[PDB]
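Just one chain follows, in the form deposited in one PDB entry, and it is written as C-alpha cells.
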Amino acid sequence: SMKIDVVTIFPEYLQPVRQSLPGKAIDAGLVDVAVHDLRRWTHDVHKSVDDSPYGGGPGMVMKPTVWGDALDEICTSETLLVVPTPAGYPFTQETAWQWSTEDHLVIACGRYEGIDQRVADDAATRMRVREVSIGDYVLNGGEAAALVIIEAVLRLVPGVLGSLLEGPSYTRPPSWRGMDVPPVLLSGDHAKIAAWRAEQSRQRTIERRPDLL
C-alpha cells in the first residue's frame, strides 16, 4: 500500500502514470498517485514560481517560499521526499527495491535551474530527503525523471502495475529474413542452453558495459 504525491508546474505531464494503473490495484487500495500544480501555493497575482539567482549567472531559481508552503501541506513525518536532479546520488535498481516498501513518497519536480537549496535543507530537519539522478544527462525539468522513478518502484509492489547484462531473446518463426534462431535453443539440452546463455551474457557485458566487470 503506497501513496505517491507529485508536485509540478506541468501536471499534464504525469497523466501517463494515472493511465498505467490497473483498476484492480486501485480498488484493492494498494496504490494512489496524485498530481498537484505548484502554482496552487503561489502568493502573488502573477503566480510567480521563480526569481533571479544570488551571485549572478544565467537562468532562474525556483522560490523557497512557494515550495515550503506546498511541502508543509503535503508532507508528514513519515514522508520520503524525492528530488530529481542531475546533481543527485545515483538512482538504481537497489534504490527502487528500497523505496518499494515505503508508505508515502512525495516527488518534487524542478524546472529552470532547480530549487533554492534551503527547501531541501529545511525539509531534512523533520523528514527523510533523497536528491537523486536517473542518469548522466540534463533534462528540461524533473517530470520525465519522476515518470521513470514511479514506474521502476511500483512494478516491484505486488500486483500494482500488472552483475551481468541479459543476452538476446528469440521467438517464432525459426527462420526470418535469412536469420535462424540459434539451434542450441531448440536442442532440448537444458544444461547446455543455460551455459550458452551465460556466455552470451558475458560477451555482451564485455562489449557494452566493461565497467561491470
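Whichever C-alpha set is largest while still superposing within 1.5 Å between the two forms counts as the rigid core. Start at 1 and count along the sequence shown; that's the residue number.
The same protein also exists as the form deposited in another entry; that form is not shown, yet it is the one meant from here on.
> Report the residue, chosen from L30, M60, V148, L156, for which the CA moves 2 Å or more between this form and the one not shown after the rigid core is overlaid.
None of the others reach 2 Å, which leaves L30.
> Please check if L21 moves between this form and the one not shown, taking a CA shift of 2 Å or more relative to the superposed core as movement.
After core superposition, the C-alpha of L21 moves 2 Å or more between this form and the one not shown.
> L21 and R40: their C-alpha distance differs by 3 angstroms or more in that other deposited form. Do they come closer or move farther apart compared with the shown form?
Farther, not closer.
> Based on a C-alpha change of 3 angstroms or more, tell me if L21 and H36 lie closer or farther in that other deposited form than in the shown form.
Relative to this form, farther apart in that other deposited form.
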